[PDB]
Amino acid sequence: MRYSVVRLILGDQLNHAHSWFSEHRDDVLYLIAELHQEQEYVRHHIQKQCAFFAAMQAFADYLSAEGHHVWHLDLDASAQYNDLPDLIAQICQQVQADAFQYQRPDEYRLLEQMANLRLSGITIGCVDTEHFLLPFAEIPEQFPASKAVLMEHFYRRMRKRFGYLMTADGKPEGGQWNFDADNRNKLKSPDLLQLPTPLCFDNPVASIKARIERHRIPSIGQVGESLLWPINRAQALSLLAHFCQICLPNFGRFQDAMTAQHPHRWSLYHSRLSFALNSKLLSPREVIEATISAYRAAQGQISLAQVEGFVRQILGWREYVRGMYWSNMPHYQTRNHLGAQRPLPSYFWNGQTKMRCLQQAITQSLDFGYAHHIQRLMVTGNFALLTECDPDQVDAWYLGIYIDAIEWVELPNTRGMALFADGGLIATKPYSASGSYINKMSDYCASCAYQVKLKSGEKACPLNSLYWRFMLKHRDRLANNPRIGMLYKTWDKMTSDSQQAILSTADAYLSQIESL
């Protein structure tokens, strides 16, 4: 018989600056819980379970130190309840609450579950997470349903609205909006010798792993005794500072680069802030502001391309995919424009493929819970696009295996940008590529069993023929765009014999897809 108000904090709601905490109330109880149900909607990476569980406990500790009343329920405690609604209802009854409040969730499934909660004698309210730049209530106007809103136009509007990288008279700093064309370098040997050591934390996780195991919770991937990912706001801020000082000067330059050689190949110059942002340990405003401040203080050593390249991903892509998700869900999750139905190959779960590119991206995903963007898009994403993998199966892999994956951001990037299964709603054109793209941006083909210079026959890079088979299959859909039509000239110039050898090689590789 003890609290008037119960307030839930979900595992991705770790915003230390939330207005709830701006006052101290002895009549308010905060609840944060490890939840079996949140392990059952997809099979998560063990490192993702460890990171969220560690971060939820660390946030509870922060709140308690600040004088808030907080109960953190680990799986041993939460297993007494049937699901999250039962946990809420029983605890509200236990403490004789008059009111229950929660922060709006960031997946459709959970927003719907909480919206349908009814508690006898208890008033329920839903508040914002106080994190994203675009207010949730503006999504319907900014993102009309089933409309292919152009990310670039939304990004320019966001640049003007928030003032980031804008001139005093309202123009983009540097004479253009988007510096992506300057951000397409491959790492050469001297660049590899200069790669910085990624900032890795030492967060022990043996007890968390043992608790997960005791509850027979399924997971994918691997972890040792220590988790390298930030699990509290101080570690996240330290990663942000590391990024600004050590990585931001080359972030754009090598944004699309991949290497099989260097020990730090899994991180390169990326920020690795996505988990910290998506769990709301950091806000996008503070990350943007920190990186712009570092740029301005570097007196030319951080070029504008680096910081615009970074800001575009947070102010532009991240806010954009959120808007498109909420405007188009739940129908969006049914879209399969290209009719893709192939099973995801088994080496997505173990890395046992002879394609060096796929082997590197899958193995790092399994071993780190993380792949950088060009791997997600142009290595595993392109492969799943060209081989027509079932989007439901692809979504389950991406949403589970990456520590930063929550559906609002996974689904538009995977089903939309990578698989083109929304017919271009999210990103306009398919991101299809042959092995020539991988060879241009990476050193993978120099350490591969296949020959990237061969399109057909024995030992040819499978991407080379799978690319043409895909583009020819969809020629009528895609030839209306004029720039891609050029690609069909490269094809139409080939002999009948060569065209046929390529399509025959593609079909053979698909029939043997488990062996690639």
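For every residue, the number given is its place in the sequence shown, counted from 1.
Remark: stretch with higher mean C-alpha B factor among 12-20 and 490-498 is 490-498.
Between the stretches 423-431 and 440-448, it is 423-431 that shows the larger average CA temperature factor.
Sorting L277, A145, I362, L248 by the CA temperature factor given in the entry leaves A145 at the top.
The PDB entry assigns its highest CA temperature factor, among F179, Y108, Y320, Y81, to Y81. Among all modelled residues in its chain, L385 ranks in the middle third by Cα B-factor.
Looking at the C-alpha B-factors along this chain, the one for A210 belongs to the highest third. Per the PDB record, residue ranking by Cα B-factor puts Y467 in the highest third of the chain. Compared with the other modelled residues of the chain, the Cα B-factor recorded for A51 ranks in the lowest third. When the CA B factors of the chain's modelled residues are split into thirds, the value for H68 lands in the middle one.
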